[PDB]
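Only one chain is given next, in structure tokens, and it is the form deposited in one PDB entry.
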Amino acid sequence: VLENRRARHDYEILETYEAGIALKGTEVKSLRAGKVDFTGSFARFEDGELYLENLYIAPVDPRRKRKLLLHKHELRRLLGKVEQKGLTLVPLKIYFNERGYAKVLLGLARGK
């Protein structure tokens, strides 16, 4: 389990959400090795899809924008809360579930 220690220590975390991550190439192997950097990463909607931006996965652009996969119920919870004054949707942790799906726990963060 890869954790964003900075987010937890410097921000107050409000609601959280879980999503899958669409990985490409060797990205999956790098994540298993724990070669990730959360610095400056955030999630934002673009053309009907939620994307995780600026997440670094050590060696394809190591910081390419990656599509997040949301189930309808989670999308419904999120819609309308992403763009709110002073809040940022940030990745809190990345892990793989039993079936091998890469997952990211997102949280609305407010300046602490």
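Rigid core: the largest C-alpha set superposing within 1.5 Å between the two forms. Don't overthink the numbering: it's just position in the shown sequence, from 1.
Please count the deposited residues lying between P59 and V60 that the model leaves without coordinates, and give the class: none, 1 to 3, 4 to 9, or 10 or more.
Missing residues, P59 to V60: 4 to 9.
Comparing average C-alpha B factors as deposited, tell me which of 64 to 72 and 29 to 37 sits higher.
That would be 29 to 37.
Taking the recorded C-alpha temperature factors, which stretch has the higher mean, 11 to 19 or 84 to 92?
It is 84 to 92 that shows the higher mean C-alpha B-factor.
Looking at the entry's B-factor column for C-alpha atoms only, identify whether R99 ranks in the lowest, middle or highest third of its chain.
Ranked within chain, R99 CA B lands in the middle tercile.
C-alpha B factor of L108, ranked within the chain: lowest, middle or highest third?
Tercile = lowest for this residue's CA B-factor.
As for the form deposited in another entry, it is not shown, yet the points below apply to it.
C-alpha of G86: shift of 2 angstroms or more between the shown form and the other one, rigid core aligned?
It does, since the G86 C-alpha is displaced 2 Å or more between the shown form and the other one after the core fit.
Rigid core fitted, then: does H71 show a CA shift of 2 angstroms or greater between the shown form and the other one?
Shift at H71: 2 Å or more after core fit.
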